[PDB]
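Below: the structure, in structure tokens.
Reconstructed Cβ throughout: ideal geometry from the backbone, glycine too, with neighbour counts over all protein chains shown. Throughout, read-outs are computed from the coordinates displayed, never taken from laboratory work.
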Amino acid sequence: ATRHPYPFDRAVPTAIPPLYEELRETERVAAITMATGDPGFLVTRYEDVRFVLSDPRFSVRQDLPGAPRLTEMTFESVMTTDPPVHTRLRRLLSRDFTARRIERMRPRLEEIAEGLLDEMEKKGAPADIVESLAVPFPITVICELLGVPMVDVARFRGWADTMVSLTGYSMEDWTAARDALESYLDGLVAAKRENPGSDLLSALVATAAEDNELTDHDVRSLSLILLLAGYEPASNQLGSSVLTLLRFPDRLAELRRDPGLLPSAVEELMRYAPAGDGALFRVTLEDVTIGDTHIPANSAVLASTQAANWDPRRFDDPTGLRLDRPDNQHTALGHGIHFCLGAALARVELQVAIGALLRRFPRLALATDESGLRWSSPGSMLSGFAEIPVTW
Ligand code: HEM
């Protein structure tokens, strides 16, 4: 079997990279060469993707000695570790992120989304869904939640867009963004201790004051990951989901005439449209066998949620769009102990923004032809479209 260059490319910007599907149909565990040159393995089938993401012999750590590297661009993510430390940090954050807790945020989220739609109507059609909605909505939600002041949202956006671009920026430019953001965050931690607010970063800081094993540096790392993860995938997801509905107008119509379909339609939209083309990264802590493939300890094993969510072994007519698809346990939010901390938040965000968008614009339509669309970051873990021009 050949060794394939990773990451993979899209042919047509609206469909996931075809090599994912080719491998999924032909090779249970594929051989790859990552962007650093190091060799890795790749699973694409639904059951294998779940397995790799959940099994305790697979580490999320990217700092294991002698282990192959996905990238050379790294940042310290205290939460991106294995247990028992991971479990402690999870226990630290997870109460604030249940469905019940997030549900309290729904009315505020409605206000934010309604305002952004108001702005859209004020500049008139056509509008770019990305800049008008997909970016400001989750970036505002996550900044308010964590306690970042509105006046620093633009700078944060710059740093964040830089850090999640695993390609297209040099070491120096990338590292500058990383250091700028961390430094900003140490400053914010400071300010939050100095003058507490009703936000989450305050509570974290207060907690750290009383716990000498929970450093300000830890809180900084947590806030960093919460900002990146809280803004980027959601931003990509909201736009691609909107685009997807516009590409399936009968489904769009169905959804506008029955808002009860909104929660399940959001799950399907995450299954159909990935927030990026990067496969999730693991490293083996011991020897593991998957089928005929014997994977030695300290090997890189990548798991494609994109391929898995289109796996016809698990989903009927996977290239189709079913708003109330039964048994829709897609992998877009991960699986196991690292399952997305912001699952409920992402769900509510998507439901609110899409529902509002649809209420406002009963004749919403793509202002362009699909052939005009472009895929923004082919070499990065996360990616959306350059623009999504709409009219109403
Ligand atoms: C407000 C929105 C979000 C927040 C606050 C958030 C936060 C986080 C955090 C902190 C983690 C690390 C969890 C851990 O290691 O224990 C995580 C994991 C993850 N998130 Fe989210 N996230 C958000 C939205 C999204 C969206 C929209 C997607 C995809 C469409 C997504 C996909 C994932 C996946 C796949 C993982 C697992 C990573 C892995 O298994 O290696 N997240 N999220």
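Using the Cα atoms of the stretch 176-233, I'd like the radius of gyration and the largest Cα-Cα distance, Dmax, both in angstrom.
11.3, 33
For the chain, give me the percentage of DSSP beta bridges that are antiparallel, rounded to the nearest 5 percent. It would help to have the intermediate numbers written out before the result.
Values: 19 of 25 bridges.
Roughly 75 percent of the DSSP beta bridges within the chain come out antiparallel.
Along Cα→Cβ, 7 Å out, is where each label goes; now give me the distance between the ones at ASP96 and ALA31 in nm to one decimal.
Inter-label distance under the simple model: 4.7 nm.
Can you work out the FRET efficiency for the pair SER54 and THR14, with r the C-beta to C-beta distance and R0 = 41 Å, to the nearest 0.05?
Details: r = 30 Å, r/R0 = 0.73.
Taking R0 as 41 Å, the efficiency between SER54 and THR14 is 0.85.
With θ taken as phi - 60° and the coefficients 6.51, -1.76 and 1.60, list the Karplus ³J(HN,Hα) couplings across the stretch 376-392 in order, rounded to whole Hz; mark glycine and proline as x.
5, 10, x, x, 9, 5, 9, 6, x, 8, 4, 8, 9, x, 10, 9, 7
Restricting to DSSP loop positions (anything but H, G, I, E, B) with no more than 15 other Cβ atoms inside 10 Å of their own Cβ, which trypsin sites (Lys or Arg not before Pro) remain in the stretch 77-153? Numbers along the way, then the final one.
On the way: sites: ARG88, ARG90, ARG91, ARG95, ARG100, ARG101, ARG104, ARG108, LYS122, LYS123; in loops: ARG104.
The qualifying sites are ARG104.
State the volume of the convex hull built on the alpha-carbon positions of the chain, expressed per residue in Å³ and rounded to an integer. Before the final figure, lay out each step's value.
Numbers: hull volume 55.0 nm³, N = 392.
Normalising the Cα hull of the chain by residue number yields 140 Å³.
Please identify every one of the GluC sites (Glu not before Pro) in the stretch 5-105 that sits in a loop by DSSP and has no more than 13 other beta carbons within 10 Å of its own beta carbon. Walk me through the intermediate numbers first.
Details: sites: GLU21, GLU22, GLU25, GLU27, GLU47, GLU72, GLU76, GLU103; in loops: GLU27, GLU72, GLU76.
Answer by residue number: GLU72.
Nearest 500 deg cm²/dmol is fine: what mean residue ellipticity at 222 nm does the chain get from its DSSP H runs of n ≥ 4 alone, each adding -39,500 (n - 2.57), divided by its residue count? Walk me through the numbers before you get to the answer.
Numbers: 14 runs with 182 residues, N = 392.
Helix contribution divided over all residues of the chain: -14500 deg cm²/dmol.
Just the number, please: Stokes-Einstein D of the stretch 6-153 in µm²/s, Kirkwood Rh from C-alpha pairs, 20 °C, 1.002 mPa s.
Numbers: Rh = 19.8 Å.
For the chosen part, D equals 108 µm²/s.
Hand me the trypsin sites (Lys or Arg not before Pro) from the stretch 257-330 located in a DSSP loop with no more than 12 other Cβ atoms within 10 Å, in residue order please.
Working: sites: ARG257, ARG271, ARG282, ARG313, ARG314, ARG322; in loops: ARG313, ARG314, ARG322.
Taking the stretch 257-330 and a limit of 12 other Cβ atoms within 10 Å, the loop trypsin sites (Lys or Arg not before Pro) found are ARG313.
Jot down the radius of gyration and Dmax of the stretch 258-392, Cα atoms only, both in angstrom.
17.9, 56
Within the stretch 102-140, name every residue whose backbone N is under 19 Å away from a label modeled 7 Å from Cα of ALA365 along the Cβ vector.
121, 124-129
Along the stretch 30-35, what does the Karplus equation 6.51 cos²θ - 1.76 cosθ + 1.60 (θ = phi - 60°) give for ³J(HN,Hα), rounded to whole Hz, x for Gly and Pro?
8, 8, 10, 10, 6, 4
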